[PDB]
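Some notes on the structure that comes next.
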Amino acid sequence: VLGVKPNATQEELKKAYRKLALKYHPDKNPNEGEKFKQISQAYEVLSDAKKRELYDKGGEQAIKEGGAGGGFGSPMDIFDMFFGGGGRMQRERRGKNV
């Protein structure tokens with residue numbers, strides 16, 4: 010979904026969300042505002058110390074987007090999916106029934 014390969018740097022991803030926020034600029038807060046929020050919060054996860062480290066240490070090779078029963082959600086849910094195998098697989102897509 011992000012158009013990036015497993016060998017992508019967090020910097021690119023950070024850059025992507027910035028563009029995403031500009032691109033998915035809702036200007037309709039009550040309707041498309043939740044979509045923005047997901048990028049903002051997902052971005053915030055990316056900008057999270059632990060998440061950056063974990064990706065940097067040994068996550069990159071898994072960042073291929075499995076899709077097949079991997080916990081598919083929204084484009085921003087990617088991190089929620091990757092960190093969802095620890096008792097969070099029962100959760101829902103971000104922006105589903107909010």
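When the letters of the sequence shown are read in order and numbered with UniProt numbering, they come out as residues 10 to 107.
Every residue gets a Cβ at the ideal spot worked out from N, C-alpha and C, and that includes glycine.
Check: Separation of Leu22 from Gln47, as counted between CA atoms; Outcome: 15 Å
Check: Minimum C-alpha distance to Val107 - residue among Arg27, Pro39, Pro15, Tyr33; Outcome: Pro39
Check: Presumed contact (8 Å Cβ cut-off) between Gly68 and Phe91, rounded CB distance; Outcome: 7 Å
Check: Segments of 4+ residues assigned as alpha helix (DSSP H) that fall wholly inside the stretch 44-79; Outcome: 58-67
Check: From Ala77, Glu20, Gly75, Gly82, residue whose alpha carbon lies closest to that of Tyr52; Outcome: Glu20
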